[PDB]
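The block underneath contains the structure these notes are about, expressed in structure tokens.
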RNA sequence: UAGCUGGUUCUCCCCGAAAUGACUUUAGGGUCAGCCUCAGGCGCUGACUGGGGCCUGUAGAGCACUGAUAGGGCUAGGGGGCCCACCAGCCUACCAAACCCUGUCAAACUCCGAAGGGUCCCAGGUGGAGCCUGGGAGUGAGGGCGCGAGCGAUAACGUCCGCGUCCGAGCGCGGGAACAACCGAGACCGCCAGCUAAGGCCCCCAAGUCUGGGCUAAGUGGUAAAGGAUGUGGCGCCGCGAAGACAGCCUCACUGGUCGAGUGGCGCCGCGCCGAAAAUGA
RNA sequence: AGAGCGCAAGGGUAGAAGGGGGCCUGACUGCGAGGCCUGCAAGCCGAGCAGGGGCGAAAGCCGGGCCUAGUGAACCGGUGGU
RNA sequence: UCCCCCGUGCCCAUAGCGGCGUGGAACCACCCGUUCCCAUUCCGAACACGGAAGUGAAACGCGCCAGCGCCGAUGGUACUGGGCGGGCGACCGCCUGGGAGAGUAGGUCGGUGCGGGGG
Ligand SMILES: [Mg+2]
Ligand SMILES: [Mg+2]
Ligand SMILES: [Mg+2]
Ligand SMILES: [Mg+2]
Ligand SMILES: [Mg+2]
Ligand SMILES: [Mg+2]
Ligand SMILES: [Mg+2]
Ligand SMILES: [Mg+2]
Ligand SMILES: [Mg+2]
Ligand SMILES: [Mg+2]
Ligand SMILES: [Mg+2]
Ligand SMILES: [Mg+2]
Ligand SMILES: [Mg+2]
Ligand SMILES: [Mg+2]
Ligand SMILES: [Mg+2]
Ligand SMILES: [Mg+2]
Ligand SMILES: [Mg+2]
Ligand SMILES: [Mg+2]
Ligand SMILES: [Mg+2]
Ligand SMILES: [Mg+2]
Ligand SMILES: [Mg+2]
Ligand SMILES: [Mg+2]
Ligand SMILES: [Mg+2]
Ligand SMILES: [Mg+2]
Ligand SMILES: [Mg+2]
Ligand SMILES: [Mg+2]
Ligand SMILES: [Mg+2]
Ligand SMILES: [Mg+2]
Ligand SMILES: [Mg+2]
Ligand SMILES: [Mg+2]
Ligand SMILES: [Mg+2]
Ligand SMILES: [Mg+2]
Ligand SMILES: [Mg+2]
Ligand SMILES: [Mg+2]
Ligand SMILES: [Mg+2]
Ligand SMILES: [Mg+2]
Ligand SMILES: [Mg+2]
Ligand SMILES: [Mg+2]
Ligand SMILES: [Mg+2]
Ligand SMILES: [Mg+2]
Ligand SMILES: [Mg+2]
Ligand SMILES: [Mg+2]
Ligand SMILES: [Mg+2]
Ligand SMILES: [Mg+2]
Ligand SMILES: [Mg+2]
Ligand SMILES: [Mg+2]
Ligand SMILES: [Mg+2]
Ligand SMILES: [Mg+2]
Ligand SMILES: [Mg+2]
Ligand SMILES: [Mg+2]
Ligand SMILES: [Mg+2]
Ligand SMILES: [Mg+2]
Ligand SMILES: [Mg+2]
Ligand SMILES: [Mg+2]
Ligand SMILES: [Mg+2]
Ligand SMILES: [Mg+2]
Ligand SMILES: [Mg+2]
Ligand SMILES: [Mg+2]
Ligand SMILES: [Mg+2]
Ligand SMILES: [Mg+2]
Ligand SMILES: [Mg+2]
Ligand SMILES: [Mg+2]
Ligand SMILES: [Mg+2]
Ligand SMILES: [Mg+2]
Ligand SMILES: [Mg+2]
Ligand SMILES: [Mg+2]
Ligand SMILES: [Mg+2]
Ligand SMILES: [Mg+2]
Ligand SMILES: [Mg+2]
Ligand SMILES: [Mg+2]
Ligand SMILES: [Mg+2]
Ligand SMILES: [Mg+2]
Ligand SMILES: [Mg+2]
Ligand SMILES: [Mg+2]
Ligand SMILES: [Mg+2]
Ligand SMILES: [Mg+2]
Ligand SMILES: [Mg+2]
Ligand SMILES: [Mg+2]
Ligand SMILES: [Mg+2]
Ligand SMILES: [Mg+2]
Ligand SMILES: [Mg+2]
Ligand SMILES: [Mg+2]
Ligand SMILES: [Mg+2]
Ligand SMILES: [Mg+2]
Ligand SMILES: [Mg+2]
Ligand SMILES: [Mg+2]
Ligand SMILES: [Mg+2]
Ligand SMILES: [Mg+2]
Ligand SMILES: [Mg+2]
Ligand SMILES: [Mg+2]
Ligand SMILES: [Mg+2]
Ligand SMILES: [Mg+2]
Ligand SMILES: [Mg+2]
Ligand SMILES: [Mg+2]
Ligand SMILES: [Mg+2]
Ligand SMILES: [Mg+2]
Ligand SMILES: [Mg+2]
Ligand SMILES: [Mg+2]
Ligand SMILES: [Mg+2]
Ligand SMILES: [Mg+2]
Ligand SMILES: [Mg+2]
Ligand SMILES: [Mg+2]
Ligand SMILES: [Mg+2]
Ligand SMILES: [Mg+2]
Ligand SMILES: [Mg+2]
Ligand SMILES: [Mg+2]
Ligand SMILES: [Mg+2]
Ligand SMILES: [Mg+2]
Ligand SMILES: [Mg+2]
Ligand SMILES: [Mg+2]
Ligand SMILES: [Mg+2]
Ligand SMILES: [Mg+2]
Ligand SMILES: [Mg+2]
Ligand SMILES: [Mg+2]
Ligand SMILES: [Mg+2]
Ligand SMILES: [Mg+2]
Ligand SMILES: [Mg+2]
Ligand SMILES: [Mg+2]
Ligand SMILES: [Mg+2]
Ligand SMILES: [Mg+2]
Ligand SMILES: [Mg+2]
Ligand SMILES: [Mg+2]
Ligand SMILES: [Mg+2]
Ligand SMILES: [Mg+2]
Ligand SMILES: [Mg+2]
Ligand SMILES: [Mg+2]
Ligand SMILES: [Mg+2]
Ligand SMILES: [Mg+2]
Ligand SMILES: [Mg+2]
Ligand SMILES: [Mg+2]
Ligand SMILES: [Mg+2]
Ligand SMILES: [Mg+2]
Ligand SMILES: [Mg+2]
Ligand SMILES: [Mg+2]
Ligand SMILES: [Mg+2]
Ligand SMILES: [Mg+2]
Ligand SMILES: [Mg+2]
Ligand SMILES: [Mg+2]
Ligand SMILES: [Mg+2]
Ligand SMILES: [Mg+2]
Ligand SMILES: [Mg+2]
Ligand SMILES: [Mg+2]
Ligand SMILES: [Mg+2]
Ligand SMILES: [Mg+2]
Ligand SMILES: [Mg+2]
Ligand SMILES: [Mg+2]
Ligand SMILES: [Mg+2]
Ligand SMILES: [Mg+2]
Ligand SMILES: [Mg+2]
Ligand SMILES: [Mg+2]
Ligand SMILES: [Mg+2]
Ligand SMILES: [Mg+2]
Ligand SMILES: [Mg+2]
Ligand SMILES: [Mg+2]
Ligand SMILES: [Mg+2]
Ligand SMILES: [Mg+2]
Ligand SMILES: [Mg+2]
Ligand SMILES: [Mg+2]
Ligand SMILES: [Mg+2]
Ligand SMILES: [Mg+2]
Ligand SMILES: [Mg+2]
Ligand SMILES: [Mg+2]
Ligand SMILES: [Mg+2]
Ligand SMILES: [Mg+2]
Ligand SMILES: [Mg+2]
Ligand SMILES: [Mg+2]
Ligand SMILES: [Mg+2]
Ligand SMILES: [Mg+2]
Ligand SMILES: [Mg+2]
Ligand SMILES: [Mg+2]
Ligand SMILES: [Mg+2]
Ligand SMILES: [Mg+2]
Ligand SMILES: [Mg+2]
Ligand SMILES: [Mg+2]
Ligand SMILES: [Mg+2]
Ligand SMILES: [Mg+2]
Ligand SMILES: [Mg+2]
Ligand SMILES: [Mg+2]
Ligand SMILES: [Mg+2]
Ligand SMILES: [Mg+2]
Ligand SMILES: [Mg+2]
Ligand SMILES: [Mg+2]
Ligand SMILES: [Mg+2]
Ligand SMILES: [Mg+2]
Ligand SMILES: [Mg+2]
Ligand SMILES: [Mg+2]
Ligand SMILES: [Mg+2]
Ligand SMILES: [Mg+2]
Ligand SMILES: [Mg+2]
Ligand SMILES: [Mg+2]
Ligand SMILES: [Mg+2]
Ligand SMILES: [Mg+2]
Ligand SMILES: [Mg+2]
Ligand SMILES: [Mg+2]
Ligand SMILES: [Mg+2]
Ligand SMILES: [Mg+2]
Ligand SMILES: [Mg+2]
Ligand SMILES: [Mg+2]
Ligand SMILES: [Mg+2]
Ligand SMILES: [Mg+2]
Ligand SMILES: [Mg+2]
Ligand SMILES: [Mg+2]
Ligand SMILES: [Mg+2]
Ligand SMILES: [Mg+2]
Ligand SMILES: [Mg+2]
Ligand SMILES: [Mg+2]
Ligand SMILES: [Mg+2]
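Protein chains in written order, with PDB author numbering: chain AV, 3 to 189; chain AM, 6 to 139; chain AZ, 1 to 59; chain AW, 10 to 85; chain AO, 11 to 108.
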């Protein structure tokens, strides 16, 4: 995903927001600079890119950079982004979150139940060259009560997790139910 | 609970912290007006959802009533209200995420959450899960 | 740092004691009253303080 | 209503700030424990009251793991 | 265990710091409040014989020579982690003669 | 006797409070301090502001301590699925200490921490500033408003403190229909002069039925909520379509039919609608 | 450092104020610069001087207790002394 | 002037935990012995004395790795002197000056004063 950017300065951050432009910053151990982008454009892009997929920033400097969305400060009270960060990549193994795909109906969910996908993505230390669009996970062997962990992942080539190996990824759990209210009504 | 004693009242300053982001389910109910939500409200709202989609997915309550609510026995003007008639409530500023569902479709989630809105003493909005995760 | 022409154009009635003093500090007593004081960090301070009820110009 | 009760509030605190002139004997800090420690020309009494040992200016200092100290750098 | 060092300091001046190795002993009068040494009469690591205590009293008087020459007198003795006795004591015994 | 009530008589000029703290068989009374006044002395110090140094733990935030806390994972103690009882573990749509992940809460919790506040030094500051000594006091029911908290029911023209303000003493003047404290503003006297403030400029009533551009169709405006609706403009995205689409021609879809070119769903904003029952005449 | 520090909470504290031992009785006399707090009266801190002592080799420390509660003007009288 | 070690003070975790490696000439420790000084609620563990043989294992010094710990911007927001505007309200918005906490990027296996000894 590519998206047009522009350099910012003393311009009142608030003022920009009226003009539909949302401020932000791009940075890495080498450089950082004020910027901003058209909100609606960013919205449409970030709706798929988020922090998983890479993002090329087109600055009027003709420069185009391999930035990653580091964080997005939201305004509480009717959620809505205030200001965006951009981690301009390089080549060294920079860690980052990578999405997941819990494929296959679990033993529990099929036989009545519900899968609570804990982590929808996993933080991993990987070279910018390897940007695995996702990681597969056979969440089919999970009967109700079961649970998968990070130590049980389809780790792709050149990739390695940077979280806890014993961390939980997801789990099947009992379903809400009216019959439970009768028993809860007793106690 | 367990804790210790009856609380002072305190104002409800701006929605500063009062507010979050979906983090457990596919949809969420969020407060727009600030208010103390009674325990018995949480309850009715919660059951209203399970009662709806019977044998449903999973409900997530994300606010817990830890504030002691006081009240006088219909008298004059001294001592502090033993109260607790409503017992306990949780302060809730605008933008704070209350409930989250999961393991159900749109119609299941939309309707069920919407029902909770009518159980709550607040104007509320439903939320998807946009794409915003910090 | 030339000079400041200050004019009290809004009554301090209902304003804080300190702001009233700030006027006495400048030398403004009557309303609509002209007053030129040399531009200094100590004077500008009190001028900036009663800013909402005086209006300034450079001389 | 077993409450509604308290105790005469003791006006304690830093009684002389850094960059103030003090005569010998002047009390510098009345404190609960050793929220401040003595130092150059500053002794403390049985209650923890830090006081000047000679005339001079009072200067504060901090030393992290070692705590904060009050001094009296004399000159007269 | 250096609690003693703290006491001696907030008390006066001119610390007679005294270190002593299994085969050595050193002494240096230092004016704190700035951290500088005035005189340093090292011992076994200087020239002296072989009997520890006998050596101590020598260096003690030795320190006094060079020290008192420069005009010194504050006998603020830094009895290090060592209990005041024998070698360290003799070291004092010395300055208490010179 | 009356720590209570009432009454207390000529004029002009200057200044001008208090309704707080402490103690009080004290609580509508007193004593000392605070605040007013007069005289004498001191003489740039005073409020306020600039620069600098130190002190601080509130707003906010945070979970490192004290505790609270939903979900999950993991695992001592309870119940066990396959059963195995004189034994066992992955694990159980079973109760849970400790710990871990996710996510939160607190006046009497703080790893953090402002704005600000206090004080000192230097500087500006000659003001019904300031300091010292004395003579004379009154005041010690306060109130409203803004703000920060407690109490209360996130009730009261409620109550109790804190900072400020005004009324008190400015029920003198202009506005708010009328209205101590809301907006403007501090009335020495005179004038059939001028300029502005707030608020206004259709008539009552001084001043534009002013100019340019929108919105509203309710008398909204002319003062109510959750909530509800093809009210009405503005904005945006998502589905079908001249490969003929949307309605109705039993039809929706769709082709020949044909108006054939728009149509269906959602979301955001402005103004409005319903929700909306009271006692003398509107 | 979440223990301890006689007791409530707090602040403080292992670079001791906590625990153990040796010797000792400054839980001294006569004073007291300078201050904290303060309407008054009270309350609190205190270097230092003199006298005669304690512990330490010494620098030094000791005018009770880690500190903040554990209290009562005057009047009237008892007791011991001058 | 430069390097190494020893004693000491300052900054007070970017100085720490851990892991690996390195130094015994000197220094230091460890170490040998318990007669003398001194010591154990018992023990020469500790304090102490007299000292060779041995060792660098322990401890310590020096040097590497960022797993934990620790430090941590910029940007934005909260909050807020002061000045305003909006609703019945629980509240909300603007101007102006100040400006966090968290989190991100990153940093960090220290720095330095004095004295002594050795090359
Ligand atoms: Mg909505
Ligand atoms: Mg996370
Ligand atoms: Mg978070
Ligand atoms: Mg006014
Ligand atoms: Mg005033
Ligand atoms: Mg006039
Ligand atoms: Mg004139
Ligand atoms: Mg009680
Ligand atoms: Mg009280
Ligand atoms: Mg009180
Ligand atoms: Mg003093
Ligand atoms: Mg003392
Ligand atoms: Mg004491
Ligand atoms: Mg300083
Ligand atoms: Mg330290
Ligand atoms: Mg030593
Ligand atoms: Mg009387
Ligand atoms: Mg009468
Ligand atoms: Mg008159
Ligand atoms: Mg006259
Ligand atoms: Mg008159
Ligand atoms: Mg007069
Ligand atoms: Mg009163
Ligand atoms: Mg009293
Ligand atoms: Mg009294
Ligand atoms: Mg009274
Ligand atoms: Mg009376
Ligand atoms: Mg009086
Ligand atoms: Mg007063
Ligand atoms: Mg005269
Ligand atoms: Mg003069
Ligand atoms: Mg002056
Ligand atoms: Mg100043
Ligand atoms: Mg300043
Ligand atoms: Mg400055
Ligand atoms: Mg703090
Ligand atoms: Mg507070
Ligand atoms: Mg708070
Ligand atoms: Mg937390
Ligand atoms: Mg916690
Ligand atoms: Mg802690
Ligand atoms: Mg605590
Ligand atoms: Mg906890
Ligand atoms: Mg939960
Ligand atoms: Mg739980
Ligand atoms: Mg559960
Ligand atoms: Mg569970
Ligand atoms: Mg079984
Ligand atoms: Mg059974
Ligand atoms: Mg059996
Ligand atoms: Mg059997
Ligand atoms: Mg058996
Ligand atoms: Mg048996
Ligand atoms: Mg058996
Ligand atoms: Mg059996
Ligand atoms: Mg059997
Ligand atoms: Mg049996
Ligand atoms: Mg458990
Ligand atoms: Mg549970
Ligand atoms: Mg736990
Ligand atoms: Mg509170
Ligand atoms: Mg408590
Ligand atoms: Mg803190
Ligand atoms: Mg910080
Ligand atoms: Mg500050
Ligand atoms: Mg400050
Ligand atoms: Mg200042
Ligand atoms: Mg001066
Ligand atoms: Mg001056
Ligand atoms: Mg003059
Ligand atoms: Mg004068
Ligand atoms: Mg006056
Ligand atoms: Mg006046
Ligand atoms: Mg003066
Ligand atoms: Mg006087
Ligand atoms: Mg007088
Ligand atoms: Mg008088
Ligand atoms: Mg009087
Ligand atoms: Mg009073
Ligand atoms: Mg009253
Ligand atoms: Mg009264
Ligand atoms: Mg008042
Ligand atoms: Mg008032
Ligand atoms: Mg008020
Ligand atoms: Mg206010
Ligand atoms: Mg509060
Ligand atoms: Mg409230
Ligand atoms: Mg009300
Ligand atoms: Mg109130
Ligand atoms: Mg208060
Ligand atoms: Mg007045
Ligand atoms: Mg009138
Ligand atoms: Mg009248
Ligand atoms: Mg009027
Ligand atoms: Mg009026
Ligand atoms: Mg009036
Ligand atoms: Mg009036
Ligand atoms: Mg007037
Ligand atoms: Mg006249
Ligand atoms: Mg006139
Ligand atoms: Mg005329
Ligand atoms: Mg004019
Ligand atoms: Mg004009
Ligand atoms: Mg007209
Ligand atoms: Mg009329
Ligand atoms: Mg007219
Ligand atoms: Mg018109
Ligand atoms: Mg028009
Ligand atoms: Mg109508
Ligand atoms: Mg009504
Ligand atoms: Mg209406
Ligand atoms: Mg209402
Ligand atoms: Mg409401
Ligand atoms: Mg409404
Ligand atoms: Mg409405
Ligand atoms: Mg609707
Ligand atoms: Mg209509
Ligand atoms: Mg429309
Ligand atoms: Mg269709
Ligand atoms: Mg067909
Ligand atoms: Mg047609
Ligand atoms: Mg749709
Ligand atoms: Mg929208
Ligand atoms: Mg109607
Ligand atoms: Mg009717
Ligand atoms: Mg009617
Ligand atoms: Mg600890
Ligand atoms: Mg403790
Ligand atoms: Mg103990
Ligand atoms: Mg406790
Ligand atoms: Mg404590
Ligand atoms: Mg300490
Ligand atoms: Mg001790
Ligand atoms: Mg002990
Ligand atoms: Mg002891
Ligand atoms: Mg003993
Ligand atoms: Mg003892
Ligand atoms: Mg014994
Ligand atoms: Mg004297
Ligand atoms: Mg005095
Ligand atoms: Mg005195
Ligand atoms: Mg004072
Ligand atoms: Mg007094
Ligand atoms: Mg008196
Ligand atoms: Mg007195
Ligand atoms: Mg007392
Ligand atoms: Mg003394
Ligand atoms: Mg003696
Ligand atoms: Mg000596
Ligand atoms: Mg003493
Ligand atoms: Mg003592
Ligand atoms: Mg004790
Ligand atoms: Mg003791
Ligand atoms: Mg008493
Ligand atoms: Mg008694
Ligand atoms: Mg008593
Ligand atoms: Mg008496
Ligand atoms: Mg009597
Ligand atoms: Mg008698
Ligand atoms: Mg007698
Ligand atoms: Mg040379
Ligand atoms: Mg040379
Ligand atoms: Mg040099
Ligand atoms: Mg060099
Ligand atoms: Mg060194
Ligand atoms: Mg130094
Ligand atoms: Mg270790
Ligand atoms: Mg080696
Ligand atoms: Mg080797
Ligand atoms: Mg060797
Ligand atoms: Mg042997
Ligand atoms: Mg022998
Ligand atoms: Mg023998
Ligand atoms: Mg023992
Ligand atoms: Mg023994
Ligand atoms: Mg041995
Ligand atoms: Mg030894
Ligand atoms: Mg040897
Ligand atoms: Mg050897
Ligand atoms: Mg080694
Ligand atoms: Mg080894
Ligand atoms: Mg190294
Ligand atoms: Mg090292
Ligand atoms: Mg490493
Ligand atoms: Mg890391
Ligand atoms: Mg910058
Ligand atoms: Mg910043
Ligand atoms: Mg900013
Ligand atoms: Mg502001
Ligand atoms: Mg309105
Ligand atoms: Mg309401
Ligand atoms: Mg309000
Ligand atoms: Mg600013
Ligand atoms: Mg800054
Ligand atoms: Mg800061
Ligand atoms: Mg944060
Ligand atoms: Mg967090
Ligand atoms: Mg950033
Ligand atoms: Mg190291
Ligand atoms: Mg470093
Ligand atoms: Mg480095
Ligand atoms: Mg460095
Ligand atoms: Mg150096
Ligand atoms: Mg050298
Ligand atoms: Mg050497
Ligand atoms: Mg050489
Ligand atoms: Mg060479």
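For every residue, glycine included, the Cβ atom is placed at its ideal position computed from N, Cα and C.
Item                                                                                                                              : Value
Cut-off 8 Å between Cβ atoms - residues of its own chain near residue 11/AV, not counting five sequence neighbours on either side : 36
Closest residue to residue 26/AV among 86/AV, 48/AV, 80/AV, 188/AV (Cα-Cα distance)                                               : 86/AV
Beta-carbon proximity check, residue 26/AO vs residue 86/AO, cutoff 8 Å                                                           : yes
Helix, strand or coil at residue 124/AM [DSSP, three-state]                                                                       : helix
Proximal residues to residue 10/AZ (C-beta, below 6 Å), its chain only, five neighbours per side dropped                          : 53
For residue 28/AV, three-class secondary structure by DSSP                                                                        : strand
Three-state secondary structure (DSSP) of residue 83/AM                                                                           : coil
Where the beta strand (DSSP E) containing residue 40/AV begins and where it ends                                                  : 33-40
Endpoints, beta strand (DSSP E) assigned at residue 70/AO                                                                         : That residue, residue 70/AO, is in no beta strand (DSSP E); its alpha helix (DSSP H) goes 62-79.
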